[PDB]
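Two forms, one protein chain; structure tokens for each follow separately as structure 1 and structure 2.
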Structure 1
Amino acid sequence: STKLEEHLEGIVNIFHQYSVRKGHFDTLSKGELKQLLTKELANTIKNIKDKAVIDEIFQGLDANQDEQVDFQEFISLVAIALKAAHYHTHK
């Protein structure tokens, strides 16, 4: 298992330590996602100098509350944070 594979597993692991808490073990409510993002990306968020980017991380987490967040939807948010984090390494 490479360092890259350990990071992928690590990201899955973080999703799961939230998703297992309530409801279906493999999804999150939008409320739980929002808590996850606010805490687990707190620095990434502080350092992002274009707030469109913040808004984009949080887009739609205050409506369609009946619809749950699966890992696929989480991957999309990870992709956004991975761009933000790259960019920050060049600041």
Structure 2
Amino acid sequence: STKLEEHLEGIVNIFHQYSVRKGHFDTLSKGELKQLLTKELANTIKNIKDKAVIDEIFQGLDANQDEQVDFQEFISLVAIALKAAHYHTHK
């Protein structure tokens, strides 16, 4: 299995831990996507120069805390953050 694959695995795993710990097997509520992100991308978030971006995401995650979401949704939000940070993941 490839280098790229292994990291993808890593992220699936973490995502998967959250969903299971909070109820469902491969979806996780919005509410607890907000805590995921804020804990796990915290470095990255700090790095974002335009906070209006996560403010949104979040002012959106809070807005409907119970809707389950799947990894694809997850990863997508992870990436949007990622862009806003200019792909700096670092304290």
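Here, a residue number simply tells you its place in the sequence of structure 1, counted from 1. Each form is matched to the other, and the largest set of C-alpha atoms that superpose within 1.5 Å is called the rigid core.
Fitting the two forms on the rigid core leaves the C-alpha of residue 12 displaced by under 2 angstroms between structure 1 and structure 2. Put the two forms on the same core and the Cα of residue 42 is off by less than 2 Å between structure 1 and structure 2. Shown in the overlay between structure 1 and structure 2, fitted on the rigid core, is a CA shift at residue 57 of 2 Å or greater. The shift recorded for the CA atom of residue 79 between structure 1 and structure 2 is 2.0 Å, with superposition on the rigid core. The two forms, fitted on their core, place the C-alpha of residue 21 1.5 Å apart, compared between structure 1 and structure 2.
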